[PDB]
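Take a look at the structure set out below.
Virtual Cβ from ideal backbone geometry, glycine too; neighbours counted across all protein chains shown. Only the coordinates and a few stated rules stand behind these numbers; no lab work does.
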Amino acid sequence: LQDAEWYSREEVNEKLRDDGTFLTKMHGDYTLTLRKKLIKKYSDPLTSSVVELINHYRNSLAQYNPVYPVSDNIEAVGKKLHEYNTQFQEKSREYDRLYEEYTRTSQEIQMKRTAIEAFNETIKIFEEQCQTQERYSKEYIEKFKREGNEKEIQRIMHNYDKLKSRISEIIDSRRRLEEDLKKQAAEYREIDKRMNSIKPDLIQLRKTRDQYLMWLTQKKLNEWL
Amino acid sequence: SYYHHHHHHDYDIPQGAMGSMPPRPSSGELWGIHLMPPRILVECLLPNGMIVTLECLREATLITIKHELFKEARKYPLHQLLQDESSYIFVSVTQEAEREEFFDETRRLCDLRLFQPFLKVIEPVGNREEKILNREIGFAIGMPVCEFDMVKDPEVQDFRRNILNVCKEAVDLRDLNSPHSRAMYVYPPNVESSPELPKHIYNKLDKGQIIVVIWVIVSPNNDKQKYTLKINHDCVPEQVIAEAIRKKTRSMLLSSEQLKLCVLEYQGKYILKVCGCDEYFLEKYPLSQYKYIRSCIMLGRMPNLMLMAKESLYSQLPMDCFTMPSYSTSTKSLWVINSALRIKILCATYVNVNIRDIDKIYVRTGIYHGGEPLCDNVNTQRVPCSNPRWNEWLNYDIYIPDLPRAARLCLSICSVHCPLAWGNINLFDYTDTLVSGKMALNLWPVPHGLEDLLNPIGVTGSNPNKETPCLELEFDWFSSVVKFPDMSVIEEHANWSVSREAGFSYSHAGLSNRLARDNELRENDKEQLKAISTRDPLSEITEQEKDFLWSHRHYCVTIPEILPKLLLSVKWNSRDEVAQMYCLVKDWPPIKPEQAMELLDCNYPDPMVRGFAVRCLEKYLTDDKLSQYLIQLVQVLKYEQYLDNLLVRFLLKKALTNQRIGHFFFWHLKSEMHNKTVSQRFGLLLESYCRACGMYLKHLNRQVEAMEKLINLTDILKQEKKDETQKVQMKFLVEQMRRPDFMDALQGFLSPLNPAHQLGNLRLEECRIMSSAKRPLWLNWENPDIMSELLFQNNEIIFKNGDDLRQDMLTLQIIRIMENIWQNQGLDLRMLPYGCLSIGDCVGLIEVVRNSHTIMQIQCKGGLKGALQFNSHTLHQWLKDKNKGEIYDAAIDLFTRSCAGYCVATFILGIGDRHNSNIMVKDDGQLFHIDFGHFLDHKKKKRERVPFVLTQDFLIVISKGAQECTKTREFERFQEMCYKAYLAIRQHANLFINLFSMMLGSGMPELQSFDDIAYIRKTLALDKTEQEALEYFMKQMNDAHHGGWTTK
Ligand SMILES: N#Cc1cccc(N)c1
């Protein structure tokens, strides 16, 4: 009854953590903490012991009220705790570094995307501007006839030359952003990818390290941890 | 021999080294560059189609630039096709990718936030120039308003138009008894909650009297005159104003009767200012009840007020001038629908997984209410790891009429057991309409602390970020828009559901859900209920207790405070039960705000519950108490299902009713605008506030502009000026601060830490970069008050670019609350919760406490010459050096009073380990901690720790130099303060649990889920009885100290 394999609220949550698994005096006696559910001779149907009551229901709780009994060196199984705890904490930094890079790259990217919206908007306003000058510049060639003909139209065409070639530089500046956008977006897929491979092996490393620490405790621990 | 000759081949030497400063990165005054060059070329696109490129100075105004553009455009062709310059406005593409017209031509070329350096010239289209000052709004919010106008979603649009209801109603309260009521909005009286005084404050009064000092001003306003009244603590501003006029105007030419009349024609022309800051005493409270006075009493200070004429005050107040913006029986009931729930998974697209590493991937799914209404299910592990596509109707064992109003699907893609992505949808929309059709949910990546599969406390909705796992799906369509019942209808169904139970017969085993005791219950029951009612939120309730509660629900009206436990004991999957709970809540006795706040956390998502919770706040929550808990109330908006809701309408109103609340309500929202979990919601909310808040928008825009100067400034110091000497950096800093754009922007404005204080004029000699690698700026301002000298001639606050303040900010708040608890229950421990304010992503502001030093400075200064050792008395000696006379005795009282409190607060919270450079002591002998770090013991994942371990240094000082301090009465006293304090918090432990619970919203790594908070149970020992808990604390304190702490 004392040992019983499966036999406060905080650590029991951390032992039920991650559907069917189970384990003050003045409020009541023992508590069955089934995960899917805290459940208080030992309600109405009372008929002898704590080991009695659990073996019956292992074979469902629907008919009671309207669904896994999970539970020799000492010094060298204690070094392993230091070993797996250095591995586990090594692994955390790697998962933490990459969650920053991911989020920075999420921003760096989305910053780029905006800047492309910006460029494109800029370009519209420059494309709208060479359009703007062709209206008035070509009204101001024919209206003149001969006066200043090339001493005007050269310097009108010079301006117009600079306009569209400045457009040329912007468009190339945008393209050069877009190329790097994909390179960033590639690296972004790579950050996620490796996060997803570290993650499963992070939890197992964590889980073994708990069970290694469980088995020992069946103050000294802190130097290893 | 050292390393057993083991090589590490991989290891190569060619953000750990100088490992500080990790947030980043935000672009500045132009694209790709933090701070535009001091001279720069700008291409000016004209109306005539000509490009002229001006070389302008960085700092040049648009008035200056236009004036020169039109000079220099004569020299180009087609001059005659330009109108007089005055006929034009500027425009360019900005870094938010919008085309902003530039109306305020005083603005400088750097301050415009251009993308490419170019201006286009045009005539002002959209002749309401007046209306296109939501640049003002967009600037405050930091995203342009037009960005909402092109959002499709009706909820958003609907929020935008409907929330104006609130804005119009609040503005109607403002201009009610104006100008007084306007002054009351702007300068709302800064007043403690209660008029009743603690005994230790009272005893400083000699039978309830304080010497006060009323200053007054005389021609040509230069000469000022004191008038030191000694008046009652509980007399009001008007009584004080009279006495100060009595004294000012007694004379040898006025009889008493002549005086009395001169008092009456003067007494109501004036009001009381605080000398040194913009605080006022605008309404009838006991002087004591104003915060300024009470601090003056505690600090042993003489209040210094000013008589100010109301017309010089209603001079300064503007018109707030609110405007309405340009944006101004049927088909089905859910209970008819006779099927179970089934939802179709279709195809997740953008999933990034190593085929080498992972075997197989599937979609786990569930329905929830915070906790879940059916056995959780998955789907079969199909097209694994490589273009995954399932085409499965999932079948959830629950009838469609038994879905509660706030029911939510939570789902996630996983690995075999390991979550890749996640996302949760509301099964009903904001119009009550059951979700049917095809949805395109983009997912969220799992956080740090969350290892579990599904994450249901996570934000309801899709990610806006496109390039994420976009798991689309299909919902069952029932030939009609299926809607949730009316309340009138849920009422009727309950009235029937109760009357029906009254005829269910004799034996019902599974008594559980029904009384059988009838109008007469047992008295052993009635005391086991109030026994439950005492228990904190995290003492999880059993099925027996739940059912026990649920049956006796009608006697649970006797004990309103039980409600959270009762609400958690409803079967939210049984509409029969749920419909009855709605009918109790309908008229359940209102409860205290500190208890009603639990009901706005993640575990109470029902609209009716959250309704009742806001209803309590509307009644009991004072403007005082709201300010205290505003951080949690903003954070809890996240857990609301829809944008428009009662809590948003409550806060928005208070915010537009009280400008001191408004201020922090802006900044707390504005803080989190970086975070895509809330950018939409808070963006919209902030638009409302900003459109309705009167002239305070203009004041916010000045604060904002000043912060973004400092953000750019520190941002350069941390990129391009790393690897320079302080000397070089500091030269760069002062060079920059002297440019007129910085001079404009950083001089005339309000301290966001407290908008009562004004900042004017930088003293750049006292401005400096601290040593820290984060490159925090120590900034110093002149207090431009008429009575600066009476409070502080200089105001100085630290701005930190690298570091996340909101841990600190919460612990600081949590302290402030323990302090008030302790003091308002008559026991004096003086905590110094300094000012902290996060204003963005790892950007913030910290109040400087003048005259305080890290213990390490005490020891570095107390320089035992020659580097032999530091002496443990040096603190004691340094403190003696300051406090000499009977003063010394009182300073040790202060040290001993602070040291106790800080020991208990520290212990309970489990803040970072305390040490020389993070403990601080003040000249008058008060001690206080800084740089708290990880609050609820965040390194334990790698114990019930004691972070403040009182070394000799402290113990020496607690007793007055005595040897073997362990055994003085000086120490006995100190211990009993610790025990009395420890227990004080233990009677209020619900509140602290609750405050921490409300903060899970924020993406704080130290608050990921409730077991993080569970630490604060152990440390308070709430499972135990107080005398065991006492002994537990003594125990915990004794082992850390190695002697002392027994035989109470
Ligand atoms: N019982 C239980 C339980 C488990 C996890 C979370 C919450 N809120 C409750």
Charge tally for neighbours of B:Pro740 with beta carbon under 9 Å away, counting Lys, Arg as +1 and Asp, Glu as -1, is 0
Once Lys and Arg are counted +1 and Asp and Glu -1 for all other residues with Cβ under 12 Å from that of A:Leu98, the total becomes 0
Those GluC sites (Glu not before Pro) from region B:695-731 that are DSSP loop and have at most 13 other Cβ neighbours within 10 Å turn out to be B:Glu720, B:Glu724
Burial-style ranking of B:847-857, B:596-606, B:503-513, A:174-184, average other-beta-carbon count within 10 Å with highest first, yields B:596-606, B:847-857, A:174-184, B:503-513
Any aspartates and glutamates whose Cα falls less than 18 Å from that of B:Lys882, other than same-chain ones fewer than 8 residues away, would be B:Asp893, B:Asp923, B:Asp924, B:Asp953
The summed charge of the A:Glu150 Cβ neighbourhood (under 15 Å; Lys/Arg +1, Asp/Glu -1) stands at 0
The distance between the Cα centres of region B:876-900 and region B:606-685, in whole Å, is 43
Percent antiparallel among DSSP beta bridges confined to chain B, nearest 5, equals 95
In deg cm²/dmol, rounded to the nearest 500, the helical mean residue ellipticity at 222 nm of the protein assembly as shown, built from -39500 (n - 2.57) for every DSSP H run of length 4 or more, is -13500 deg cm²/dmol
Within 10 Å of the Cβ of an average residue in A:113-121, the count of other chain Cβ atoms is 5
Protection proxy (average C-beta count within 10 Å per residue), highest first, orders B:472-483, B:963-974, A:144-155 as B:472-483, B:963-974, A:144-155
Between the alpha carbon centres of region A:161-225 and region B:724-761 the gap in Å comes to 37
Per DSSP, the loop-located trypsin sites (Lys or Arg not before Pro) within region B:489-597 having at most 12 other beta carbons within 10 Å are B:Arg522
For B:236-246, A:198-208, ranked highest to lowest by mean beta-carbon neighbours within 10 Å, the order is B:236-246, A:198-208
quick note, the protein assembly as shown, DSSP beta bridge pairs, % antiparallel (nearest 5) is 95
Mean other chain Cβ within 10 Å across B:536-548 is 4
Here the whole-number average of other chain Cβ atoms within 10 Å per Cβ of B:86-96 is 2
